[PDB]
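Source file: coords07.cif; contents: mmCIF, C-alpha atoms (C1' of nucleotides).
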data_coords
#
loop_
_atom_site.label_atom_id
_atom_site.label_comp_id
_atom_site.auth_asym_id
_atom_site.auth_seq_id
_atom_site.Cartn_x
_atom_site.Cartn_y
_atom_site.Cartn_z
CA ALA A 79 -35.07 -48.17 7.92
CA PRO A 80 -34.31 -48.62 4.14
CA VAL A 81 -31.25 -50.35 2.60
CA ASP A 82 -28.79 -47.78 1.09
CA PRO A 83 -29.47 -47.50 -2.74
CA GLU A 84 -25.64 -47.56 -3.30
CA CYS A 85 -25.56 -51.16 -1.84
CA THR A 86 -26.72 -52.46 -5.29
CA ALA A 87 -25.60 -56.08 -4.53
CA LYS A 88 -28.11 -56.26 -1.56
CA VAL A 89 -30.91 -53.68 -2.38
CA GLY A 90 -32.74 -56.26 -4.60
CA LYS A 91 -32.39 -59.22 -2.10
CA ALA A 92 -31.98 -57.98 1.55
CA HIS A 93 -33.31 -55.76 4.43
CA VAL A 94 -31.89 -53.87 7.49
CA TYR A 95 -31.54 -56.13 10.58
CA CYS A 96 -33.66 -55.18 13.66
CA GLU A 97 -34.71 -56.61 17.08
CA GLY A 98 -37.43 -54.60 18.93
CA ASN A 99 -36.15 -50.97 19.22
CA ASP A 100 -32.54 -52.08 18.32
CA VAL A 101 -32.29 -51.03 14.61
CA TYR A 102 -28.84 -51.72 13.04
CA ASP A 103 -28.85 -48.70 10.67
CA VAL A 104 -26.96 -45.47 11.56
CA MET A 105 -25.59 -42.38 9.77
CA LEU A 106 -22.56 -40.62 11.34
CA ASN A 107 -21.22 -37.12 10.43
CA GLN A 108 -18.07 -35.00 11.14
CA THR A 109 -18.69 -31.34 10.13
CA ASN A 110 -15.89 -29.05 11.46
CA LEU A 111 -15.08 -25.75 9.64
CA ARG A 112 -11.75 -25.18 11.56
CA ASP A 113 -10.34 -28.55 10.33
CA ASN A 114 -12.52 -28.27 7.13
CA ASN A 115 -14.11 -31.73 7.65
CA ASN A 116 -17.63 -32.27 6.23
CA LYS A 117 -17.64 -36.10 6.01
CA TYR A 118 -20.21 -38.85 6.62
CA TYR A 119 -19.94 -42.55 7.53
CA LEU A 120 -23.00 -44.82 7.02
CA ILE A 121 -23.25 -48.25 8.77
CA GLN A 122 -25.97 -50.88 8.00
CA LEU A 123 -26.24 -54.52 9.16
CA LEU A 124 -28.17 -56.29 6.35
CA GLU A 125 -29.98 -59.68 6.36
CA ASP A 126 -30.73 -61.60 3.11
CA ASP A 127 -34.37 -62.35 2.02
CA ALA A 128 -33.79 -65.99 0.90
CA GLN A 129 -31.56 -67.32 3.79
CA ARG A 130 -30.43 -66.62 7.44
CA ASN A 131 -27.28 -64.77 6.20
CA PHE A 132 -25.81 -61.32 7.01
CA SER A 133 -23.51 -58.53 5.70
CA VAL A 134 -22.27 -55.15 7.08
CA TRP A 135 -22.63 -52.40 4.44
CA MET A 136 -20.52 -49.24 4.93
CA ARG A 137 -20.19 -46.01 2.85
CA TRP A 138 -18.23 -42.76 3.33
CA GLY A 139 -17.49 -39.42 1.61
CA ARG A 140 -17.77 -35.62 1.93
CA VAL A 141 -21.50 -34.61 2.19
CA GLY A 142 -22.84 -34.44 -1.42
CA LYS A 143 -20.08 -36.85 -2.77
CA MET A 144 -18.89 -40.50 -2.69
CA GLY A 145 -15.50 -41.56 -1.18
CA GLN A 146 -15.10 -45.37 -0.92
CA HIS A 147 -17.30 -48.25 0.46
CA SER A 148 -17.30 -51.84 1.86
CA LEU A 149 -19.66 -54.89 2.08
CA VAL A 150 -18.43 -57.35 4.78
CA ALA A 151 -20.20 -60.73 4.27
CA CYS A 152 -20.56 -62.73 7.54
CA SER A 153 -21.58 -66.30 6.38
CA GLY A 154 -24.60 -66.72 8.76
CA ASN A 155 -22.60 -65.54 11.87
CA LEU A 156 -24.84 -62.73 13.29
CA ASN A 157 -22.51 -62.30 16.34
CA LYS A 158 -19.53 -61.51 14.00
CA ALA A 159 -21.75 -59.19 11.89
CA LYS A 160 -22.94 -57.26 15.03
CA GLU A 161 -19.34 -57.10 16.40
CA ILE A 162 -18.05 -55.54 13.09
CA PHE A 163 -20.98 -53.04 13.02
CA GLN A 164 -20.63 -52.03 16.73
CA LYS A 165 -16.76 -51.79 16.58
CA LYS A 166 -16.93 -49.34 13.59
CA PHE A 167 -19.62 -47.27 15.43
CA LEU A 168 -17.48 -47.19 18.64
CA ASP A 169 -14.28 -46.23 16.70
CA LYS A 170 -16.10 -43.34 14.85
CA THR A 171 -18.14 -41.96 17.84
CA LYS A 172 -16.30 -43.06 21.08
CA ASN A 173 -19.83 -44.15 22.27
CA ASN A 174 -20.89 -47.80 22.90
CA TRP A 175 -23.90 -49.10 20.85
CA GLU A 176 -25.76 -49.80 24.16
CA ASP A 177 -25.29 -46.02 24.95
CA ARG A 178 -27.26 -44.92 21.76
CA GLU A 179 -30.28 -43.96 23.99
CA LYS A 180 -27.93 -41.59 26.01
CA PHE A 181 -25.38 -40.60 23.29
CA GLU A 182 -22.80 -37.81 23.97
CA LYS A 183 -20.73 -35.73 21.48
CA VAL A 184 -16.87 -35.98 21.38
CA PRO A 185 -14.22 -33.64 19.75
CA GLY A 186 -12.25 -35.16 16.81
CA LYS A 187 -15.04 -37.83 16.35
CA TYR A 188 -18.27 -38.21 14.32
CA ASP A 189 -21.67 -37.00 15.60
CA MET A 190 -24.77 -39.26 15.09
CA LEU A 191 -27.99 -38.65 13.01
"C1'" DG B 1 -8.88 -7.36 9.09
"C1'" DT B 2 -4.63 -7.20 12.00
"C1'" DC B 3 0.01 -6.33 12.33
"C1'" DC B 4 3.34 -2.79 14.84
"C1'" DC B 5 5.09 1.84 13.86
"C1'" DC B 6 5.20 5.99 15.76
"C1'" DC B 7 2.50 9.20 19.33
"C1'" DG B 8 2.84 10.68 23.99
"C1'" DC B 9 5.36 10.90 28.34
"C1'" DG B 10 8.67 9.49 32.89
"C1'" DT B 11 13.83 9.23 33.87
"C1'" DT B 12 18.68 10.06 32.83
"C1'" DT B 13 22.64 12.95 31.40
"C1'" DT B 14 25.67 15.36 28.27
"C1'" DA B 15 26.78 18.74 25.14
"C1'" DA B 16 24.25 22.92 23.35
"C1'" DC B 17 24.09 27.38 25.04
"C1'" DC B 18 26.04 31.02 28.43
"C1'" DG B 19 30.27 34.35 30.73
"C1'" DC B 20 34.16 36.16 29.78
"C1'" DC B 21 39.08 35.78 29.28
"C1'" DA B 22 43.64 35.39 24.86
"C1'" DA B 23 46.13 35.33 20.93
"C1'" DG B 24 46.57 36.86 16.29
"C1'" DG B 25 44.45 35.97 11.49
"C1'" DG B 26 42.91 38.30 7.88
"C1'" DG B 27 39.38 41.76 6.01
"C1'" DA B 28 39.48 46.94 5.43
"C1'" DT B 29 42.11 50.90 4.74
"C1'" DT B 30 45.43 53.97 2.73
"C1'" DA B 31 49.54 54.18 -0.15
"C1'" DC B 32 52.77 52.64 -4.72
"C1'" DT B 33 53.71 52.40 -9.20
"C1'" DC B 34 53.55 50.33 -13.80
"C1'" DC B 35 50.97 47.25 -16.49
"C1'" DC B 36 46.24 46.74 -19.55
"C1'" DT B 37 43.08 47.48 -22.48
"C1'" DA B 38 40.35 51.58 -24.39
"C1'" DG B 39 40.82 54.34 -28.49
"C1'" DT B 40 42.70 55.87 -34.07
"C1'" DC B 41 43.25 55.06 -38.34
"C1'" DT B 42 44.67 51.85 -42.10
"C1'" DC B 43 44.79 46.80 -44.51
"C1'" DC B 44 42.93 43.01 -46.04
"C1'" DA B 45 40.80 38.08 -45.66
"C1'" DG B 46 37.31 35.57 -42.59
"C1'" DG B 47 32.87 34.99 -43.22
"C1'" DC B 48 28.78 35.77 -45.12
"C1'" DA B 49 25.44 36.21 -49.77
"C1'" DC B 50 23.99 33.33 -52.95
"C1'" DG B 51 24.66 29.96 -57.54
"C1'" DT B 52 24.07 24.86 -58.17
"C1'" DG B 53 24.28 19.46 -57.97
"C1'" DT B 54 25.57 15.34 -55.32
"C1'" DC B 55 23.52 12.03 -52.45
"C1'" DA B 56 20.73 11.25 -47.50
"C1'" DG B 57 16.83 9.36 -46.54
"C1'" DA B 58 11.58 9.62 -46.99
"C1'" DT B 59 8.36 6.98 -49.58
"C1'" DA B 60 6.72 2.87 -51.08
"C1'" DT B 61 7.26 -2.51 -51.86
"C1'" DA B 62 7.81 -6.99 -51.35
"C1'" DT B 63 9.12 -9.99 -47.84
"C1'" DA B 64 10.63 -12.32 -43.24
"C1'" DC B 65 10.31 -12.29 -37.64
"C1'" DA B 66 8.21 -10.63 -32.69
"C1'" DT B 67 4.79 -11.28 -29.83
"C1'" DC B 68 -0.58 -10.84 -28.31
"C1'" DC B 69 -5.20 -14.05 -27.87
"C1'" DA B 70 -7.49 -17.70 -27.52
"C1'" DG B 71 -7.43 -22.85 -27.83
"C1'" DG B 72 -5.52 -26.95 -25.93
"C1'" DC B 73 -2.68 -31.57 -21.46
"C1'" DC B 74 0.41 -33.22 -17.53
"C1'" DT B 75 2.15 -33.18 -12.70
"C1'" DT B 76 1.66 -31.74 -7.89
"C1'" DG B 77 -1.64 -30.81 -4.04
"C1'" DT B 78 -6.01 -31.24 -0.71
"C1'" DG B 79 -8.97 -34.00 1.58
"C1'" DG B 80 -10.39 -38.94 2.27
#
Could you spell out this file's structure in structure tokens?
Amino acid sequence: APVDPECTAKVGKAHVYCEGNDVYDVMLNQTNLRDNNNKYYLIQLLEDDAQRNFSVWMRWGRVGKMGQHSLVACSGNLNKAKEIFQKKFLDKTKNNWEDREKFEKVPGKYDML
DNA sequence: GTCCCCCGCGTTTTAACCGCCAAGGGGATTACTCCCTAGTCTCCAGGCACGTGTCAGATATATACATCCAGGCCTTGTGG
């Protein structure tokens, strides 16, 4: 699970956060030709190399382009960093993060992977 | 590709088509009677044959505008 190359502030000094099979890196996509959507939303929880500190990287756009982005620094609070990551995933997919092993598709929402 | 006009056909009904009975308008016929234009011969000027030169406009000529073909920015719209 690589750090997004567009996250240039963290790519040289951080890695994707993981615990066992629970890997906090996910790409989401909404392709719909009736509405003419073809947009992605990336979410990555990052941990710094030098210290026990965290940030949620996020990036969006139409597939093949950039839209806007965000890097939410969490000041060593992993619970806050996970809550931000999981809330954005839930809002975009209408699935809980604990349901990732049994994910189900929803109209007017992003698909996963 | 898809919007909908016109093709085909059941039900309703009125005015086109059918019988024949009236009144008289107006086209056809035969008769009246003098007005119209063909026909004669003579006069003469409208109109045509043909000299001749003014002046319209074609032929340049130098010049100023109309409008076609690239070549070149600013505001409103779609999706995020």
In the coordinates of the file, take the point (-18.7, -43.0, 16.9) and a cut-off of 12 Å; then, counting all atoms listed in the file, name each qualifying protein, DNA or RNA residue as a short mmCIF file (atom, residue, chain, number, x, y, z; two decimals) with C-alpha atoms, in the coordinates of the input.
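selection_12.cif, written as the output of this step:
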data_model
loop_
_atom_site.label_atom_id
_atom_site.label_comp_id
_atom_site.auth_asym_id
_atom_site.auth_seq_id
_atom_site.Cartn_x
_atom_site.Cartn_y
_atom_site.Cartn_z
CA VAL A 104 -26.96 -45.47 11.56
CA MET A 105 -25.59 -42.38 9.77
CA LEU A 106 -22.56 -40.62 11.34
CA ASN A 107 -21.22 -37.12 10.43
CA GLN A 108 -18.07 -35.00 11.14
CA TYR A 118 -20.21 -38.85 6.62
CA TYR A 119 -19.94 -42.55 7.53
CA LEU A 120 -23.00 -44.82 7.02
CA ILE A 121 -23.25 -48.25 8.77
CA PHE A 163 -20.98 -53.04 13.02
CA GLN A 164 -20.63 -52.03 16.73
CA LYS A 165 -16.76 -51.79 16.58
CA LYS A 166 -16.93 -49.34 13.59
CA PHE A 167 -19.62 -47.27 15.43
CA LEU A 168 -17.48 -47.19 18.64
CA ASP A 169 -14.28 -46.23 16.70
CA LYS A 170 -16.10 -43.34 14.85
CA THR A 171 -18.14 -41.96 17.84
CA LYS A 172 -16.30 -43.06 21.08
CA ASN A 173 -19.83 -44.15 22.27
CA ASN A 174 -20.89 -47.80 22.90
CA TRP A 175 -23.90 -49.10 20.85
CA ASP A 177 -25.29 -46.02 24.95
CA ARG A 178 -27.26 -44.92 21.76
CA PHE A 181 -25.38 -40.60 23.29
CA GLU A 182 -22.80 -37.81 23.97
CA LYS A 183 -20.73 -35.73 21.48
CA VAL A 184 -16.87 -35.98 21.38
CA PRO A 185 -14.22 -33.64 19.75
CA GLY A 186 -12.25 -35.16 16.81
CA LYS A 187 -15.04 -37.83 16.35
CA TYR A 188 -18.27 -38.21 14.32
CA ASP A 189 -21.67 -37.00 15.60
CA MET A 190 -24.77 -39.26 15.09
CA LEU A 191 -27.99 -38.65 13.01
#
Of the candidates A:87, A:110, A:100, A:117, which one gets nearest to residue 144 (chain A) if we count all atoms listed in the file?
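Closest residue, counting all atoms listed in the file: A:117.
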Measure the distance from CA of residue 153 (chain A) to CA of residue 132 (chain A) in Å and round it to one decimal.
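Those two atoms sit 6.6 Å apart.
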Please expand the PyMOL selection byres ((chain A) within 12 of (chain B)) into the concrete residues it hits in this file, giving the result as a PDB file with C-alpha atoms, in the frame of the given file.
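The file below, selection-v3.pdb, is the result:
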ATOM      1  CA  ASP A 113     -10.340 -28.550  10.330  1.00  0.00           C
ATOM      2  CA  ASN A 114     -12.520 -28.270   7.130  1.00  0.00           C
ATOM      3  CA  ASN A 115     -14.110 -31.730   7.650  1.00  0.00           C
ATOM      4  CA  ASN A 116     -17.630 -32.270   6.230  1.00  0.00           C
ATOM      5  CA  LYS A 117     -17.640 -36.100   6.010  1.00  0.00           C
ATOM      6  CA  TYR A 118     -20.210 -38.850   6.620  1.00  0.00           C
ATOM      7  CA  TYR A 119     -19.940 -42.550   7.530  1.00  0.00           C
ATOM      8  CA  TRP A 138     -18.230 -42.760   3.330  1.00  0.00           C
ATOM      9  CA  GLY A 139     -17.490 -39.420   1.610  1.00  0.00           C
ATOM     10  CA  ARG A 140     -17.770 -35.620   1.930  1.00  0.00           C
ATOM     11  CA  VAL A 141     -21.500 -34.610   2.190  1.00  0.00           C
ATOM     12  CA  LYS A 143     -20.080 -36.850  -2.770  1.00  0.00           C
ATOM     13  CA  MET A 144     -18.890 -40.500  -2.690  1.00  0.00           C
ATOM     14  CA  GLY A 145     -15.500 -41.560  -1.180  1.00  0.00           C
ATOM     15  CA  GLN A 146     -15.100 -45.370  -0.920  1.00  0.00           C
ATOM     16  CA  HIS A 147     -17.300 -48.250   0.460  1.00  0.00           C
TER      17      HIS A 147
END
Between CA of residue 82 (chain A) and CA of residue 150 (chain A), measure the distance and give it in Å to one decimal.
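Interatomic distance, CA of residue 82 (chain A) to CA of residue 150 (chain A): 14.6 Å.
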Written as an MDAnalysis selection string, what is the full residue list that the PyMOL selection byres ((chain A and resi 124) around 6) yields on the file shown?
chainID A and resid 93:95 123 125 132:133
Evaluate the PyMOL selection byres ((chain A and resi 128) around 12) here and jot the selected residues down as a PyMOL selection string.
chain A and resi 88+90-93+125-127+129-132
Write a file of the selected residues as a PDB file, keeping the file's coordinate frame, keeping C-alpha atoms.
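Below is the file that was written, again-v3.pdb:
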ATOM      1  CA  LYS A  88     -28.110 -56.260  -1.560  1.00  0.00           C
ATOM      2  CA  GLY A  90     -32.740 -56.260  -4.600  1.00  0.00           C
ATOM      3  CA  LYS A  91     -32.390 -59.220  -2.100  1.00  0.00           C
ATOM      4  CA  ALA A  92     -31.980 -57.980   1.550  1.00  0.00           C
ATOM      5  CA  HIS A  93     -33.310 -55.760   4.430  1.00  0.00           C
ATOM      6  CA  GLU A 125     -29.980 -59.680   6.360  1.00  0.00           C
ATOM      7  CA  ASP A 126     -30.730 -61.600   3.110  1.00  0.00           C
ATOM      8  CA  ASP A 127     -34.370 -62.350   2.020  1.00  0.00           C
ATOM      9  CA  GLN A 129     -31.560 -67.320   3.790  1.00  0.00           C
ATOM     10  CA  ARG A 130     -30.430 -66.620   7.440  1.00  0.00           C
ATOM     11  CA  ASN A 131     -27.280 -64.770   6.200  1.00  0.00           C
ATOM     12  CA  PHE A 132     -25.810 -61.320   7.010  1.00  0.00           C
TER      13      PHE A 132
END
Return the single residue from A:142, A:148, A:101, A:161 that is closest to residue 79 (chain A), with distances computed using all atoms listed in the file.
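Looking only at the distances to residue 79 (chain A), the closest residue turns out to be A:101.
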Pairwise distance for CA of residue 96 (chain A) and CA of residue 176 (chain A), rounded to one decimal in Å
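Rounded to one decimal, the two atoms are 14.2 Å apart.
The nearest approach to residue 81 (chain A) among the residues A:122, A:179, A:156, A:137, with all atoms listed in the file taken into account, belongs to A:122.
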